[PDB]
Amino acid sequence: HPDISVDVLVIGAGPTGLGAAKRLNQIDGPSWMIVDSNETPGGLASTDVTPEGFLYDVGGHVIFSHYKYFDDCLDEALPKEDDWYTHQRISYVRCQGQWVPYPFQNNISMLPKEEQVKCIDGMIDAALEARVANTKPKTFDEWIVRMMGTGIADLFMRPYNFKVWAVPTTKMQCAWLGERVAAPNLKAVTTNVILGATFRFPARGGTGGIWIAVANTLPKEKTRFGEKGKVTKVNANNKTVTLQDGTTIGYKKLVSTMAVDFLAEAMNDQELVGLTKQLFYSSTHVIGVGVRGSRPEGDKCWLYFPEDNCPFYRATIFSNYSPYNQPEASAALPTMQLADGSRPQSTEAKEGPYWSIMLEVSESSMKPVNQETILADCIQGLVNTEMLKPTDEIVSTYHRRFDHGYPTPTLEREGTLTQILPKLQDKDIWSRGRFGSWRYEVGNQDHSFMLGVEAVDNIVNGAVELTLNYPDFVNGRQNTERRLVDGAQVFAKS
């Protein structure tokens, strides 16, 4: 008879685990507890702050929500209108001196006329092949070429995805992209050549403020965050998890949102360790740069970088998302360096206003990253891409490296996962999440939050885990049926 006993134990309090917790706390049936080694909920969707006052999200922001359930939980956490800012859902690709709007292929009119020809010629090839295709694409690279043609593949999606995933497009599967047939809309691309939706963001606290607020709604006594909640052993057969302080938790069902390879190690289950080690992943460097001045003459989006004049694959003007992402203009800060690398003339603390850039650089066994120099190379890439002038004054830098950044959709991934996840299922273990179940396409915040919700919904109410197994299905519909108040709660308060 161990130290604590619960029906469902939730390991991890990132969006996946908090999803499971929100649903367990709504159903309010089986007993439950959620643990996390971090004192602050949010996992990799947390927000850091530099000593100089600049916020940087670790794990991006949602630009589209697929579930009314997710929406209800956000509204509960942040219910006032000035808890949120609304911006347009846009993005750009940096290509040959130009900021090319999304979607790239629909905007190549911005590139030189000679290069437009190369693109259309490639897409005509693709359109003609698609017309007699009778097989589905087998690799990511095949999917790209069949969709965009050689010309448009080489300018953007091919070189870009190598910088993101640190594997060639030929070594990745493509089912994760959807069931949309891989063929081009040739008429759309040429018509635009010839002729020449919002998201909400937290006003305060960055993205990680959402998850603090969502977690606040949980009963504190059913949570255990910090060093007291680090899981060190998992005894699958005794249904016992052991914590670092020696506390033992017994469960009837386990929702594990830690990385499945870490789970395999904590089970001292060498069969699973062997299998998990077959999974490929890339590590992520998040770099933040705080700059003195006003914003460069734009809007609140992500920027993509296929070219090899900067080490990062994506950048954002994080200061455009919210004015509380960086210090107020009256705050005094010394200039740390110039964008060109030189030391400033004066050690004087001057006022702002300030703006802020965030970068991501990926690292893997096939793509090393010089930890000692990457910050400077990024800042240089910011000068090369004309995001920073050589003379801009940098007042804050941020650089953190996350070992498990992206779960890589390799060709082998599904083969390995259908050996890992059913084995854990048979031991009554729902290993779910960005790295709990290792599927990038459902690894952003709304899908992940719902992986936890649906996992609990499967454990209690016999629901199909739709997001886990049918991302295509959930992405192609309005998910309105599951709500933070279902009929069950309405009929019980009578």
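Counting begins at 1, following the sequence as shown.
**Student:** Zero if continuous, otherwise a range: how many residues of the deposited sequence are missing coordinates between residue 81 and residue 82 (none, 1 to 3, 4 to 9, 10 or more)?
**Tutor:** Per the deposited record, the segment joining residue 81 and residue 82 has no missing residues.
**Student:** For the step residue 368 to residue 369, what size class fits the number of deposited residues with no coordinates, none, 1 to 3, 4 to 9, or 10 or more?
**Tutor:** The entry leaves nothing out here.
**Student:** Which has higher Cα B-factors on average according to the PDB entry: 473-481 or 5-13?
**Tutor:** For C-alpha atoms only, the mean B-factor is higher in 5-13.
**Student:** Could you check which stretch, 36-44 or 440-448, carries the larger mean CA temperature factor in the entry?
**Tutor:** Taking the mean B-factor of the alpha carbons in each, 36-44 is higher.
**Student:** So among 404, 389, 222, 131, who wins on Cα B-factor in the entry?
**Tutor:** Highest C-alpha B-factor among the listed options: 222.
**Student:** Between 288, 341, 334, 226, where does the Cα B-factor run highest in the record?
**Tutor:** Out of 288, 341, 334, 226, the record gives the largest C-alpha B-factor to 226.
**Student:** In terms of the CA temperature factor given in the entry, to which third of its chain does residue 363 belong: lowest, middle or highest?
**Tutor:** It belongs to the middle third of the chain when residues are ordered by C-alpha B-factor.
**Student:** Select lowest, middle or highest to describe the third in which the CA B-factor of residue 121 falls within its chain in this entry.
**Tutor:** Its C-alpha B-factor belongs to the lowest third of this chain's values.
**Student:** Per the entry's values, where does residue 50 land by CA temperature factor relative to the rest of its chain, in the lowest, middle or highest third?
**Tutor:** Tercile = middle for this residue's CA B-factor.
**Student:** Taking the chain's C-alpha temperature factors as the reference, tell me which third residue 431 falls into: lowest, middle or highest.
**Tutor:** Middle third of the chain for residue 431's C-alpha B-factor.
**Student:** Could you say whether, by C-alpha temperature factor, residue 307 belongs to the lowest, middle or highest third of its chain?
**Tutor:** CA B-factor rank for residue 307: lowest third.
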